[PDB]
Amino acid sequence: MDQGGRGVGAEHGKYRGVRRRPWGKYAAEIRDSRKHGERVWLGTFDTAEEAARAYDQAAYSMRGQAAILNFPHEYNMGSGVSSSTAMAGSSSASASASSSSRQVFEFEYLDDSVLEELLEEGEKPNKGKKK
């Protein structure tokens, strides 16, 4: 976690789950508790705030419960299935000026969300249980 980072910095402005290149591009990669450190690449982001979130998805997936991530936002949607109010309300007003503006990925961020609930992307039944 902070461990890999100390050379650049024990703890600093950029987030956990993040790499920095000379141009400044940011890079998403994860390894598995269970596969002994093999690396699969979740993606690549410019963005540091949604960075933690790229790792969010991945790491909700891996721990399984009480996932180890920065921040605490929990989201509940009601009543539905039919929650246009909650999409629009939670979304507005959340924005990053430089990154979201790249275009098209505005559409996917603008309706939702900021923090999402996903389940065991990491495991394939049958696998009970992890470590």
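Quick note: we count residues from 1 along the sequence shown, nothing fancier.
Remark: stretch with higher mean C-alpha B factor among 11-19 and 116-124 is 11-19. Here the stretch with the larger average CA B-factor, out of 55-63 and 40-48, is 55-63. When the C-alpha B-factors of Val104, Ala97, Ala27, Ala93 are read from the PDB record, the largest value belongs to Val104. When the modelled residues of the chain are ordered by C-alpha B-factor, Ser83 sits in the highest third. In this PDB entry, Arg31 carries a Cα temperature factor that places it within the middle third of its chain's modelled residues.
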